[PDB]
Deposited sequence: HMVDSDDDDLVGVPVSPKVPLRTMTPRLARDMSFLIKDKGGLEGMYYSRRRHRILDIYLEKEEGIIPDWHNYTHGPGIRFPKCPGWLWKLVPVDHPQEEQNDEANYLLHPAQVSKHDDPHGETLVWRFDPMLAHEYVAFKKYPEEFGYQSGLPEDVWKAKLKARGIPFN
């Protein structure tokens, strides 16, 4: 780490979001857990940001950021040439959806993940324990 390690704050996430936007990053690029990890390791190395913050809701559909101030979301988008598919994809999303990063400044004014999917925050849901667990179980999302 070139910088002392620190935790993500909403203000830092907001500043990062607009800076990445201005540099042309992320917008329209295909999401993957691999690219996701590459981003978080780089941000720990270069910005000293502990990689515990970059999480999205479970889906399916639009995946909303669980960090207030992160202004990026994952939006779903719309193969019998198997050999070419092998050459380009030889070997994943639990809902089989292809996602792209999308910038949304309104996420600074509405904490969509917490307000529409509070149960995905577990003991930080603001809901009784039996309530958020039952909601997660009905949607197939484990809570360990």
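- Stretches of the deposited sequence absent from the structure, as judged by C-alpha coordinates, are 1 to 16, 95 to 98, 112 to 116.
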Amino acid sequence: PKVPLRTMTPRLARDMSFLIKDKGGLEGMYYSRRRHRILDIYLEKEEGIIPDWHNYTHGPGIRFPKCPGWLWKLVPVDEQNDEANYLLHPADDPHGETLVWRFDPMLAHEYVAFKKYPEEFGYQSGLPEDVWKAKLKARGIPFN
From here on, numbers count along this sequence of modelled residues.
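- Look at the mean CA B-factor for 56 to 64 and for 92 to 100 in the entry; the higher one is 92 to 100.
- For the pair 81 to 89 and 66 to 74, the mean Cα B-factor is higher in 81 to 89.
- Residues shown: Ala108, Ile50, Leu39, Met29. Highest C-alpha temperature factor in the entry: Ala108.
- In this PDB entry, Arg14 carries a Cα temperature factor that places it within the lowest third of its chain's modelled residues.
- Among the modelled residues of its chain, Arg35 has a C-alpha B-factor that falls in the lowest third according to the deposited record.
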